[PDB]
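1. what's the 3D shape of this:
(chains A, B, C, D, E, F, G and H)
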Amino acid sequence: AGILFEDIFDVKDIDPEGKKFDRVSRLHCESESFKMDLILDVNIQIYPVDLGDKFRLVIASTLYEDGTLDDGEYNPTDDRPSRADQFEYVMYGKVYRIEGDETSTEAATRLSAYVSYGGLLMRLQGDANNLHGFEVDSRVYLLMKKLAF
Amino acid sequence: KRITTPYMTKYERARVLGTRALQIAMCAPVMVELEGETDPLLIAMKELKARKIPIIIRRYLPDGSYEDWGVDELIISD
Amino acid sequence: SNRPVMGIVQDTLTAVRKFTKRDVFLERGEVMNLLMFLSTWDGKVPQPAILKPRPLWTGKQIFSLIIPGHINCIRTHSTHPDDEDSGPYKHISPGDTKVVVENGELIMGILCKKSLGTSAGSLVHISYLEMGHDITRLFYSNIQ
Amino acid sequence: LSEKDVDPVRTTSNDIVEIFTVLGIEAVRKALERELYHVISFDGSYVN
Amino acid sequence: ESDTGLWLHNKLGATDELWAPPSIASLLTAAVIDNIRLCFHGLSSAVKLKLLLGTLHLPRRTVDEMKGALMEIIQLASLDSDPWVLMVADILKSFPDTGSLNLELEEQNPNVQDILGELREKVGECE
Amino acid sequence: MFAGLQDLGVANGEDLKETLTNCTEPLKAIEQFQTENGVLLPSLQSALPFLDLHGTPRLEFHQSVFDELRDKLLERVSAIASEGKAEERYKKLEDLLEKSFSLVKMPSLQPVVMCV
Amino acid sequence: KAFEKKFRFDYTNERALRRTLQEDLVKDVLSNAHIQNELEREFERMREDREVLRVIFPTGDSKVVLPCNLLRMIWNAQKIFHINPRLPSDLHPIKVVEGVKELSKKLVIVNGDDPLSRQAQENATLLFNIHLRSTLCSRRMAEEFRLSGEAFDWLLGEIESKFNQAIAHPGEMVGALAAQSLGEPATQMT
Amino acid sequence: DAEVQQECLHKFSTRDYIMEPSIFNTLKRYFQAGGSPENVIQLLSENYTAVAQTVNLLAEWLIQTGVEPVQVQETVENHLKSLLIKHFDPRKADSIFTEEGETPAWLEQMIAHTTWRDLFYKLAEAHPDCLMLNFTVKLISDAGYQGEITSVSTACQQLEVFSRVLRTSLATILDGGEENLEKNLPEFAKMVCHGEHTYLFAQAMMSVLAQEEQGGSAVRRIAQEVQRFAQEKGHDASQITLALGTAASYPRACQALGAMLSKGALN
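-> Numbers count the residues shown, from 1 in each chain, chains lettered A, B, ... in the order given. See below for the structure:
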């Protein structure tokens, strides 16, 4: 499958420090089941979002259901089944930092995975139990889909 | 019992390449198998890479003593 | 003064600062047009930063192809706030400062003369120290 | 330097000839180096 | 809702903080407490305490509109084994009626009586 | 091997042998004899079980106390060599040698006499 | 206190060691007394170098100029071998100690075995050796960089290669360089 | 009975085995073997190294130097506490308490000491399931030294403990005065505002006393300072304060005051 993390979020806030850039918006979104915070940058111009919106967020290691682990070069002419068929907003980036509440002796209970989609940043901050598919310097898909509920 | 640096100074490399190129330009035999290059600078550079230049550098110490180093003996930077 | 003497100047510098901003997006046609100008390009089109609803690349994503080898460098942008490094968001900059280059790929930050100019430990200086001089010459030409 | 309550260790004089006559040739060398560094790095530049 | 007990425990079960978690009022409404009332005997002491303390921060109109379920939750909190939940329910039972705190802490709380007495003695001693 | 403890009035191995020879029930003799001979620390009586619950012998306990106190005595005799007025410290050293030379041969308390 | 707690590398706590090193190595660094003697000697040398720096550098200005950018090369080593600074590594600290010691012998500025020559060589690379020891510490390699054995060997080779290219080339006209480099900024000051 | 003799000689052959309180039984078993005690006598005369005599000598020697015996006593007690914390086995301790049939005196001996009390507290922390450790904690509580069990800010989540510590800190503040305003008030505020339950109890009790003016202005001042410290920390304590006062009797005005004080602005 290649599903690293999946949950439902609802956007608690938009860019609080002011609109730094015209076409990109900061989203402070918060979870429902696993109770982990999310900081995301989205292209507001082509995928508009508003306050209170809920969406399904599915971080995946690959777009292909069989997990063939594509090389990572743009080949639009591909007829294979993909996850992006049932999602609206899809970005591809790589994870570049994992923090934690590690001590010198005990292990970590809270992690915070940082991923960059070519500039657009996302921090997923939650309990360490759900963040184990994230290894630094690995490619990751976003696969975000707004919910009508 | 040589005491100077085992590396090749940039100035040694420059003068060695120039001299070998001039020699090759005057019908001197080539010490490396040519693959089809005709510019004497390139041939001299290829020889230096192969360490087949038939030149020894005489380094002069301040005290008046000198010591001789074969090009292949001393380390090439490039 | 063990620093570079050649850098990126004038409108090339202005446009590289306007080109690596967070909200710069390119469609496939303009990406192909730009990739036509890389001498060191390997011929592989990078996966777009956005795949749906439209394939869009980003300025940083295109710039990372210019950056030679696997170069690691960290700088700060000219207008980087001082108080940002204290509070939260230290590694996720609200203002897109804190230039970070990892494995020769631009992860975050806006490039200005503090990173592409003639300063100690700038990006071109790191390129000259790590790679040779030929590769840095190619770096200059490709950026321009 | 001989005045009381005056540090005879840190007190300098910005003048190279006077320092040469009072303290010596190594002191004048160090003071000259410091003076050149001050006059060159004053603009904020750097010379190795 | 769909297993609202886990939802309450995970939204509000920040046991590290004994404080009121943010937006406690927004997490509660008529229906939320209406579902809490029949599942008040399964959740932990920390989640219960956070719910009880946040019931104070609810706006007065919201408290008055759905005050019966608040009375039910407070009563079920008074029957709790944890003495803190007993004390908090005793304090809270006076909110739906008037709004000020229940000043009648004297019943079934001898520690409150001891602290009140010795504080009163020290206050009279240092007037 | 108790050459010198006879001067302090300390019951020795020969006394242990004669008590074991003139013993009626072993518990009485052994317990009383070595408990009066044991370290008379009021709180020590509670520490004894916990040491041997894992099976670790209390000999390790006593040897650890011995080694720590040996470090302490070396440090204190060095301090005596360093601190104190000449006359008082010399008189203290003389008296302490006079009352500690009974165990000079023993390698256990040898550093005491040797440093003094 | 901060210098001690950041460079000592205690070998007494066992939870931290298994957090940072593989189990095959924690017993080695816990049992052998020779290893602990080596580590204590390394730390004492580090403290002596600290005092030497403090008498060379009053006013506490730590901005120095040195040949090899050690931290950047450590970052390069981390990224080349995919170190993953989250799992315990396989790097025996005595390997770090011996590697630093044997690297220090190869970076020769003054060539010779004469006592005068040895003293000159030691004084020439004193500052860089101090920096190298303060960076490639066993503890810093064990908790901050997490480099593996292969990465460390590559790093030693890299430092040796980079230093030898910084040596002044004989025949260089340093006088003309100094004169030009002092005159040129003179034209651009008010 | 030859193997019993061999076991006895093996146990005794270790040096310093004479100080073992267990030896009784072992040596008693040797008396059960019927063999010649010559081996036991010779081994025991070879194992003792005068450990108790060493301790007495060390005591007299340290007293002679001039250094007070308090330092060496606390050093010895810390070493003993390290040994007891490291080598504590709950199972055999429980077995001994069950087999003895009566509460030991030696437990009472280490009840009446502070260092041993902290030893027992840290053992119970490390060995919560040790039933004799719980019995020891019960006996410590019985002896009347309940103050040393975790209190102040560490264990203020318990009802009697929190109420007692809050009452003592309030008495300390009131014995403080104007000079003690800057020092003790943050100390009290950080332990009353550690939670909304403790803060709720504190503020309710302040409001109950505030109905009395016979010096209750001091309690009102303490409550106001606690309120402002809580706001400094990040509390939304204005709603709590409105719950304290009669202002909640006017729901419109109380809600408006809550609005302005959560916003913090004059609307």
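2. look up phi and psi at residue B:69.
-> Backbone torsions of residue B:69, given as degrees, to the nearest 10, read phi -120, psi 120.
3. tell me if I'm right that it and residue B:59 touch.
-> Yes: proximity of residue B:69 to residue B:59 meets the contact threshold set by C-beta atoms under 8 Å, at 6.5 Å. (C-beta placed from N, C-alpha, C; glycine too.)
4. joint contacts of those two?
-> Common neighbours of residue B:69 and residue B:59 (criterion: C-beta atoms under 8 Å, 6 or more residues apart in numbering or on different chains): residue B:4.
5. quick one, phi/psi of residue A:26?
-> According to degrees, to the nearest 10, residue A:26 has phi -90, psi 140.
6. can you check residue B:25 too?
-> Main-chain dihedrals, residue B:25, degrees, to the nearest 10: phi -70, psi -10.
7. setting aside sequence neighbours, what's the nearest residue to it?
-> residue B:40 (4.4 Å; C-beta to C-beta, 6 or more residues apart in numbering or on different chains).
8. can you tell me the closest non-neighbouring residue to the residue of chain D found nearest chain C?
-> Proximity of chain D to chain C (C-beta to the nearest C-beta) peaks at residue D:46, 5.0 Å away. Counting by C-beta to C-beta, 6+ apart, residue D:46 lies nearest to residue C:1, which is 5.0 Å off, once chain neighbours are set aside.
9. interface residues of chain A facing chain G?
-> By C-beta under 8 Å from any C-beta of the partner chain, the residues of chain A that approach chain G are A:98, A:104-106, A:135-137.
10. switch to 6 Å and redo it
-> Within chain A, the positions near chain G by C-beta under 6 Å from any C-beta of the partner chain are A:104-105.
11. returning to that earlier point: please report how far the residue nearest to residue B:25 lies from chain G.
-> 25 Å (C-beta to the nearest C-beta, to the nearest Å).
12. helices and strands around the longest helix seen in chain D, which ones?
-> Of all the segments of type helix in chain D, defined by DSSP state H, the longest one is helix D:25-40. Counting contacts by 3 or more C-beta pairs under 6 Å, 6 or more residues apart in numbering or on different chains; DSSP states H and E, helix D:25-40 packs against helix D:16-22.
13. the helix it packs on packs against which elements?
-> helix D:25-40.
14. spatially central residue for chain D, please.
-> residue D:31 (3.1 Å; C-alpha atoms, centre = their mean).
15. grab the nearest non-local neighbour of that residue.
-> Nearest non-adjacent residue to residue D:31 (C-beta to C-beta, 6+ apart): residue D:19, at 5.0 Å.
16. that neighbour reaches residue D:33, doesn't it?
-> No: here residue D:19 lies out of contact with residue D:33, judged by C-beta atoms under 6 Å, at a distance of 11.9 Å.
17. neighbour count: these two, which is higher?
-> residue D:19 (20 against 10; other C-beta atoms under 10 Å in any protein chain shown).
18. for the more buried one, give me its contacts.
-> Neighbour list for residue D:19: D:13, D:27-28, D:31 [criterion: C-beta atoms under 6 Å, 6 or more residues apart in numbering or on different chains].
19. which among those count as buried?
-> D:28, D:31 (16 or more other C-beta atoms under 10 Å in any protein chain shown).
20. tell me the buried residues in the host helix or strand of residue H:93?
-> Residue H:93 is part of helix H:90-100, with elements assigned from DSSP states H and E. Using 16+ other C-beta under 10 Å as the test for burial, helix H:90-100 gives H:90, H:92-94, H:97.
21. ok, now which ones touch the residue most central in space within chain F?
-> Centroid-nearest residue in chain F, with C-alpha atoms, centre = their mean: residue F:66, separated by 7.9 Å. By C-beta under 6 Å, 6+ apart, the contact list for residue F:66 reads H:51, H:54.
22. so it, which of the three states?
-> helix (DSSP: H, G, I helix; E, B strand; the rest coil).
23. of the contacts of residue D:19, which is the nearest to chain B?
-> residue D:28 (27.7 Å).
24. which residue packs closest to the closest one, ignoring adjacent ones?
-> residue D:20 (4.1 Å).
25. and what of residue F:110?
-> residue F:104 (6.9 Å).
26. just residue H:226 next, same as before
-> residue H:189 (5.3 Å).
27. confirm residue A:116 sits in a strand?
-> Yes: assessed with three-state DSSP, residue A:116 lies in a strand.
28. that one contacts residue A:93, correct?
-> Yes: between residue A:116 and residue A:93 there is a contact under C-beta under 6 Å: 5.2 Å.
29. the more surrounded of these two?
-> Neighbours per residue, other C-beta under 10 Å: of residue A:116 and residue A:93, the larger number sits with residue A:116, 26 against 23.
30. surely the residue nearest to residue F:110 and residue F:112 touch.
-> No: Residue F:104 lies out of contact with residue F:112 (C-beta under 6 Å); the separation is 8.5 Å.
31. what residues are up against residue 23?
-> Going with chain A. So residue A:23 contacts A:45, C:23 (C-beta under 6 Å, 6+ apart).
32. actually chain F
-> Going by C-beta under 6 Å, 6+ apart, the list of residues near residue F:23 reads residue F:29.
33. apply 8 Å and report the result again.
-> Counted by C-beta under 8 Å, 6+ apart, residue F:23 has contacts F:29-30, H:31.
34. name the nearest of the residues you listed relative to chain C.
-> Once C-beta to the nearest C-beta is applied, the member of these that ends up nearest chain C is residue F:30, at 69.8 Å.
35. please identify which helix or strand holds that closest one.
-> helix F:26-36.
36. got a list of what the one residue in chain D that gets nearest to chain F touches?
-> Proximity of chain D to chain F (C-beta to the nearest C-beta) peaks at residue D:9, 34.5 Å away. Listed by C-beta under 8 Å, 6+ apart, residue D:9 has no contact partners.
37. also the one 5 residues further on?
-> By C-beta under 8 Å, 6+ apart, the contact set of residue D:14 is residue D:35.
38. so what touches stretch E:69-79?
-> The contact list for stretch E:69-79, computed with C-beta under 8 Å, 6+ apart, reads E:30, E:33-34, E:36-37, E:40-41, E:48, E:51-52, E:55, E:63, E:85-86, E:88-90, E:92-93, E:95-96.
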